[PDB]
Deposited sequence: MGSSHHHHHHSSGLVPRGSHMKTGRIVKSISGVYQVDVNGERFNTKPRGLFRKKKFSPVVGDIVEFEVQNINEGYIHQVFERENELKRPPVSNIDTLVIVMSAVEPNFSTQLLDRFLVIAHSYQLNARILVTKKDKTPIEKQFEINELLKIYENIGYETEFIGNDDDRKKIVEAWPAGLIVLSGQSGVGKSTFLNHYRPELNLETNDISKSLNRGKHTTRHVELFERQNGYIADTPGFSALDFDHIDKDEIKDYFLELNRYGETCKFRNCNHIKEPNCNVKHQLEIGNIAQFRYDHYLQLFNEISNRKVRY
């Protein structure tokens, strides 16, 4: 009877947004069981009752999902990094992109605190952000002089989830969408933006050492012409990644972070 996105879950009641319209609903069939329980971000078919209430009959197949917090069908993961306080880190950024792609997410890169970054440092970060744009990511570098609402409404349509450490500047964006002014979705013009971040932790537990190269997008792309179909680009001969490194089309820090994570993600915790 109606199709929409779950924007709130409160003690087994699922609020479903239907183009602005809100419905408090409960699951039936499979969706009453824990192994099929609805999550915020689910697209659902529900039966309308009592004007603004309803029963969820179908939860559509999840295109993607985070477990902590539990949220499904993210259209863009915005990785939020400070330029300073703390200092921008390609080591932390590469790790967040690996996690992002391991969850099958679209990712883009947002650097904050430009207005208090030394201008010489701004040029070094700008050159780093160029390397990520050559890999295929959209990047922005913003400060207090920038319109945070204009920025969010230029983002691709659908569900945006901000992921990054506390203090990087997620709330400064999110407060523009808080009606009051465990995960809830807030409306924006072309979709939603999420209450919570996506990660930071031992979201490495599910990753096989063999998958790490798939989530370095330029290694994955250049590995197409390595001799070996599963070349790890470490000791293998005829390696196209090590060649592209040599002639300067893969950045050394990217290769070095791949190597550290390949060596680390193997290890017992």
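- Stretches of the deposited sequence absent from the structure, as judged by C-alpha coordinates, are 1-20, 202-220, 309-311.
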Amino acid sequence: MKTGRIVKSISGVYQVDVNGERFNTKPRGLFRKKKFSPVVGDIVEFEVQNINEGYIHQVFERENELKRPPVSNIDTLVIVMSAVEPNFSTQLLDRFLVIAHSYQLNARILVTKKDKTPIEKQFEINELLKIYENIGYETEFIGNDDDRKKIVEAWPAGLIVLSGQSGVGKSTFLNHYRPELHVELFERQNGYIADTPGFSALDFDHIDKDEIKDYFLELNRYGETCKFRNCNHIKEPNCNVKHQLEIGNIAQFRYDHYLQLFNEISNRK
From here on, numbers count along this sequence of modelled residues.
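- Remark: stretch with higher mean C-alpha B factor among 125-133 and 195-203 is 195-203.
- Across the two stretches, 48-56 and 207-215, the PDB entry reports the greater mean Cα temperature factor for 48-56.
- Among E140, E120, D75, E187, the highest C-alpha B-factor recorded in the PDB entry belongs to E187.
- When all modelled residues of the chain are sorted by CA temperature factor, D42 is found within the lowest third.
- Among all modelled residues in its chain, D94 ranks in the lowest third by Cα B-factor.
- Among all modelled residues in its chain, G169 ranks in the lowest third by Cα B-factor.
- When the modelled residues of the chain are ordered by C-alpha B-factor, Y14 sits in the middle third.
- In the deposited entry, the Cα temperature factor of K33 places it in the highest third of its chain's modelled residues.
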